[PDB]
Amino acid sequence: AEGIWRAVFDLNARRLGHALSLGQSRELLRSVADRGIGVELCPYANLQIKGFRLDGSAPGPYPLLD
Amino acid sequence: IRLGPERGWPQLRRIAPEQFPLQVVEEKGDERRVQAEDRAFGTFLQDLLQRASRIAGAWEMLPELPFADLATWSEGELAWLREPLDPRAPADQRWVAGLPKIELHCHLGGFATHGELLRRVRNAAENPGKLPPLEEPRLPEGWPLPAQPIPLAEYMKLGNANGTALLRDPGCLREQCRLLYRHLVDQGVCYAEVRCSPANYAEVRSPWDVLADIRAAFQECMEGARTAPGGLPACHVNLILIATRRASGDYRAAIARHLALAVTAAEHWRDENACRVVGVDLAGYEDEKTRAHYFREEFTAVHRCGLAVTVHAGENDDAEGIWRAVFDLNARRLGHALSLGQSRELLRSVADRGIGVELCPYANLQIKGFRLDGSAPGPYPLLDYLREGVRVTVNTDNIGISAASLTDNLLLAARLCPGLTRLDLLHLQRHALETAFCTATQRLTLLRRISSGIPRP
Amino acid sequence: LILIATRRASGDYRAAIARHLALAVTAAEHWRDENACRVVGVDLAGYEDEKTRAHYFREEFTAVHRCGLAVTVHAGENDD
Amino acid sequence: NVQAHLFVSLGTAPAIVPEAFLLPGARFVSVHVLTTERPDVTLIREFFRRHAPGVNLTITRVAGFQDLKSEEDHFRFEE
Ligand SMILES: [Zn+2]
Numbered sequence: 478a479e480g481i482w483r484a485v486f487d488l489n490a491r492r493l494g495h496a497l498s499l500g501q502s503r504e505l506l507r508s509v510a511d512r513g514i515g516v517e518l519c520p521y522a523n524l525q526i527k528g529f530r531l532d533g534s548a549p550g551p552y553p554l555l556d
Numbered sequence: 160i161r162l163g164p165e166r167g168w169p170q171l172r173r174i175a176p177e178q179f180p181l182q183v184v185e186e187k188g189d190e191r192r193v194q195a196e197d198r199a200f201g202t203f204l205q206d207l208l209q210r211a212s213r214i215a216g217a218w219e220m221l222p223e224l225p226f227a228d229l230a231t232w233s234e235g236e237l238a239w240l241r242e243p244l245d246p247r248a249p250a251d252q253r254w255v256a257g258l259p260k261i262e263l264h265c266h267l268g269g270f271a272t273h274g275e276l277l278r279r280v281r282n283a284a285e286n287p288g289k290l291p292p293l294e295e296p297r298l299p300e301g302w303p304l305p306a307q308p309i310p311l312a313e314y315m316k317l318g319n320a321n322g323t324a325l326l327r328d329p330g331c332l333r334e335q336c337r338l339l340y341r342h343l344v345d346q347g348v349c350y351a352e353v354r355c356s357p358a359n360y361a362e363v364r365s366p367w368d369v370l371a372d373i374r375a376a377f378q379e380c381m382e383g384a385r386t387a388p389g390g391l392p393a394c395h396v397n398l399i400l401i402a403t404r405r406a407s408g409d410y411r412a413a414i415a416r417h418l419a420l421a422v423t424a425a426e427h428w429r430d431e432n433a434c435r436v437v438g439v440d441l442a443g444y445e446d447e448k449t450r451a452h453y454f455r456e457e458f459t460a461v462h463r464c465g466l467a468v469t470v471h472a473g474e475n476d477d478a479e480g481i482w483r484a485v486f487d488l489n490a491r492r493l494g495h496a497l498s499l500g501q502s503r504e505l506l507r508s509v510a511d512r513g514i515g516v517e518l519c520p521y522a523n524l525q526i527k528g529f530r531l532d533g534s548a549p550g551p552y553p554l555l556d557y558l559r560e561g562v563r564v565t566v567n568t569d570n571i572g573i574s575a576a577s578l579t580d581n582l583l584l585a586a587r588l589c590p591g592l593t594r595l596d597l598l599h600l601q602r603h604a605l606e607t608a609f610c611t612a613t614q615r616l617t618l619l620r621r622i623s624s625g626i627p628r629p
Numbered sequence: 398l399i400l401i402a403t404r405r406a407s408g409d410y411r412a413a414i415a416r417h418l419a420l421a422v423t424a425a426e427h428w429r430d431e432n433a434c435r436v437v438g439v440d441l442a443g444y445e446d447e448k449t450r451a452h453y454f455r456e457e458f459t460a461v462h463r464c465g466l467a468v469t470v471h472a473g474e475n476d477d
Numbered sequence: 002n003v004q005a006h007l008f009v010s011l012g013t014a015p016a017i018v019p020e021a022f023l024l025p026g027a028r029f030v031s032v033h034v035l036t037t038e039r040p041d042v043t044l045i046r047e048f049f050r051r052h053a054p055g056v057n058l059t060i061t062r063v064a065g066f067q068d069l070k071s072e073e074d075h076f077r078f079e080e
């Protein structure tokens with residue numbers, strides 16, 4: 478999440494791509510939610526690169555619902 | 160002859176007979192004579208169908224309405240909503256006074272500086288012997304609408320009877336908080352954020368104690384007034400701590416003290432339905448040497464801990480200070496950004512990023528001077557900001573020093589920019605709702621409360 | 398009392414450092430009786446290496462230096 | 002399978018409620034009749050007593066409506 482924090486607060490980014498580790502820092506997630514910064518996810522690419530469980534069967551759970 | 164089935168209206172399909180009962184005059188076996196006390200159900204049905212018809216009539220341009228309940232208005236009222244506001248008509252004054260309001264720029268130390276309020280605050284001290292001798296600075300002629308502008312030094316000196324000279328006594332501070340809350344409730348405000356400098360009032364007590372006393376006083380005031388539906392306080396108050404910057408002297412240790420205190424207090428109190436510290440403010444003397452990018456390493460901790468930041472910028476500076484505040488300090492709101500129109504790219508950036516702007520008509524008129532009734549500082553930029561898409565709001569700044577309220581501020585805003593409409597006032601209220609520092613649930617509740625509280629013509 | 402700011406090899410640790418520094422400043426301002434328990438400084442301990450040296454935390458301790466609070470540092474245990 | 006209540010209004014001509022009770026396909030229960038002060042309901046009562054015991058007929062009258070001259074009594078009838 479350090480890279481995400483630096484992108485948000487040092488480069489003034491308006492959208493974030495593949496921010497899969499945003500949930501590690503609660504304060505940064507709260508800030509992103511409050512400021513309205515967009516997050517972009519690519520299900521197939523994330524599954525093929527990081528690996529993710531299907532049908533609820548260790549990367550962890552996929553953070554879309556959270 | 161079978162005509163067919165029917166569906167009916169959803170809120171009349173089941174209903175209840177206890178609400179509209181029948182009265183039995185006399186009854187024999189399986190035969191009755193009945194009577195109705197009044198015609199309540201007729202009015203119920205008539206206004207239900209009228210509301211449905213009006214909603215059907217106004218279904219398009221519903222995304223463009225600031226609030227949904229405006230779709231239940233008739234054609235004549237909707238046409239009246241688009242006409243320019245007339246500050247001199249008593250009806251418009253009453254309509255503005257009746258609106259629910261949201262306040263975002265209000266200093267605690269500049270509320271009771273003259274008149275009976277100062278005396279009431281003074282006659283609450285725990286140690287009357289230590290009270291400074293009573294004196295009231297003399298206001299310029301025609302003070303609420305002065306003929307000539309005055310610099311910031313005299314404006315700040317105009318409130319010397321209250322503030323740091325009076326708020327060291329706990330009783331005076333507590334009475335100040337109660338009176339401010341009473342005034343806010345009387346004005347019809349439903350949500351407000353109050354700025355304060357607790358460390359300025361600490362001489363034998365710690366700043367933590369002063370802030371705790373202020374928060375406790377506001378919380379008790381909120382507890383007392385459980386009017387409004389759902390058992391919620393009539394007005395909700397949140398806190399913002401001020402970091403003051405000065406031309407010369409010792410002022411930079413106090414800034415760090417306020418930021419550390421704000422972070423600790425924000426982490427301390429976390430109940431959603433209670434008074435909380437929700438941000439920090441960078442205010443005071445502004446010039447080239449004290450621009451926002453010289454305090455970045457002090458605000459890095461606030462950015463790490465996740466607090467919102469608002470910056471005083473553009474009052475006595477060009478657009479460079481605004482740019483530095485926006486891009487180097489990561490500010491979420493801007494105060495007195497009167498020079499934003501000098502740069503088109505900065506205006507586009509502010510509009511696109513959703514950064515809020517807060518204006519105080521009376522203070523701006525008193526300090527810079529502006530033409531009234533459309534008769548050099550230039551035109552007042554409210555209409556330009558509305559047309560360009562900026563999230564702009566109208567506030568009061570110092571109530572006591574400027575001797576005006578939020579209703580007077582809105583009316584004077586109408587006077588400064590001829591052609592301003594009432595739909596523009598509703599848009600301003602919506603902008604203040606969308607820019608406020610609060611949770612999503614509180615925002616939704618405030619939206620629902622404001623939508624169903626706008627008075628009819 | 399002295400309050401610790403812990404640095405780690407990887408993860409989320411800077412927010413905790415800022416939290417601890419702010420809490421230390423506020424607590425040192427709160428209790429001031431000479432003949433009583435008091436907070437008298439801050440510490441920079443935890444994982445140390447080339448990338449986590451002292452000069453990477455100057456902007457966080459500028460506030461501590463403004464408020465006039467003592468500082469102690471864990472250094473030299475596993476570094477030149 | 003539903004209870005299928007019937008609601009009917011009656012004028013000065015009886016033998017309409019007995020007719021409407023015989024809907025080809027409905028098993029009516031608890032027939033309700035709304036009428037004014039003047040008209041007679043003996044025929045309906047005798048019909049439901051002799052041809053349909055378990056239907057618990059009920060009859061309702063409007064207290065002060067026997068003839069209409071102005072619009073006032075129509076509104077009370079509607080309410
Ligand atoms: Zn201000």
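Residue numbers (PDB author numbering), protein chains in the order written: chain A, 478 to 534, 548 to 556; chain B, 160 to 534, 548 to 629; chain C, 398 to 477; chain D, 2 to 80.
Just so it is clear, CB atoms sit at the ideal spot from N, CA and C, and this is done for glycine as well.
At the level of alpha carbons, what is the spacing between residue i and residue j?
| i | j | result |
| --- | --- | --- |
| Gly216 (chain B) | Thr202 (chain B) | 21 Å |
| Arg492 (chain A) | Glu456 (chain C) | 27 Å |
| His264 (chain B) | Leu554 (chain A) | 37 Å |
| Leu229 (chain B) | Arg512 (chain B) | 28 Å |
| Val369 (chain B) | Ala358 (chain B) | 8 Å |
| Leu441 (chain C) | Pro291 (chain B) | 47 Å |
| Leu506 (chain B) | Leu499 (chain B) | 6 Å |
| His452 (chain B) | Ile481 (chain B) | 10 Å |
| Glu234 (chain B) | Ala312 (chain B) | 51 Å |
| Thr403 (chain C) | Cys610 (chain B) | 31 Å |
| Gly438 (chain B) | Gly473 (chain B) | 20 Å |
| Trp218 (chain B) | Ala361 (chain B) | 57 Å |
With a threshold of 8 Å (Cβ to nearest heavy atom), would residue i be considered close to ligand 1?
| i | result |
| --- | --- |
| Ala442 (chain B) | yes |
| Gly494 (chain B) | yes |
| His264 (chain B) | yes |
| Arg354 (chain B) | yes |
| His417 (chain B) | no |
| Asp569 (chain B) | yes |
| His471 (chain B) | yes |
Please list, in chain order, the chain B residues whose beta carbon lies closer than 9 Å to that of residue i.
| i | result |
| --- | --- |
| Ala467 (chain C) | Simply none; closest approach about 16 Å. |
| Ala442 (chain C) | Neighbours of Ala442 (chain C) on chain B: none; closest Cβ ~19 Å, over 9 Å. |
| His417 (chain C) | By Cβ distance, chain B contributes nothing, its closest Cβ being about 10 Å from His417 (chain C), past 9 Å. |
Taking C-beta to C-beta, are residue i and residue j nearer than 9 Å?
| i | j | result |
| --- | --- | --- |
| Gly515 (chain B) | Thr607 (chain B) | yes |
| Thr565 (chain B) | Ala490 (chain B) | no |
| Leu293 (chain B) | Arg281 (chain B) | yes |
| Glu352 (chain B) | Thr568 (chain B) | no |
| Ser365 (chain B) | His427 (chain C) | yes |
| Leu420 (chain B) | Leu400 (chain B) | yes |
| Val32 (chain D) | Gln4 (chain D) | no |
| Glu560 (chain B) | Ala510 (chain B) | yes |
| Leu317 (chain B) | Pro303 (chain B) | no |
| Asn570 (chain B) | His342 (chain B) | no |
| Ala271 (chain B) | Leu338 (chain B) | yes |
At 7 Å on the CB atoms, spell out the chain B contacts of residue i, in chain order.
| i | result |
| --- | --- |
| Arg463 (chain C) | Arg411, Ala412 and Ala415 |
| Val56 (chain D) | In chain order: nothing, as chain B lies at least about 11 Å away. |
| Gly515 (chain A) | Ordered by position in chain B, no residue passes the 7 Å Cβ test against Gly515 (chain A), which lies about 12 Å from the chain. |
Anything in chain C within Cβ reach of residue i, meaning under 9 Å, just list it in chain order.
| i | result |
| --- | --- |
| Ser508 (chain A) | In chain order: nothing, as chain C lies at least about 11 Å away. |
Note down, in chain order, every chain D residue with its Cβ under 9 Å from the Cβ of residue i.
| i | result |
| --- | --- |
| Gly347 (chain B) | Here the premise fails: no neighbours, minimum Cβ distance about 39 Å. |
Quick one: which chain C residues come within Cβ less than 8 Å of residue i?
| i | result |
| --- | --- |
| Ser502 (chain A) | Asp409 and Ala412 |
| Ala478 (chain A) | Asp409 |
Check: In chain order, which beta strand (DSSP E) runs of at least 3 residues are fully inside the region 412 to 445 of chain B?
Finding: 436 to 443
Check: In chain order, which beta strand (DSSP E) runs of at least 3 residues are fully inside the region 268 to 322 of chain B?
Finding: Within the region 268 to 322 of chain B, no complete beta strand (DSSP E) segment of 3 residues or longer occurs.
Next item on the list: Identify every run of the alpha helix (DSSP H) within the region 456 to 518 of chain B, keeping only runs that are complete inside it and at least 4 residues long; order them along the chain.
Entry: 478 to 487 and 503 to 512
Item checked: Completely contained beta strand (DSSP E) runs for the region 168 to 237 of chain B, where each covers 3 or more residues -> 182 to 187 and 190 to 194
Next item on the list: Tell me the start and end of each unbroken alpha helix (DSSP H) in the region 568 to 611 of chain B that is at least 4 residues and wholly inside, in chain order.
Entry: 571 to 574, 578 to 588 and 594 to 607
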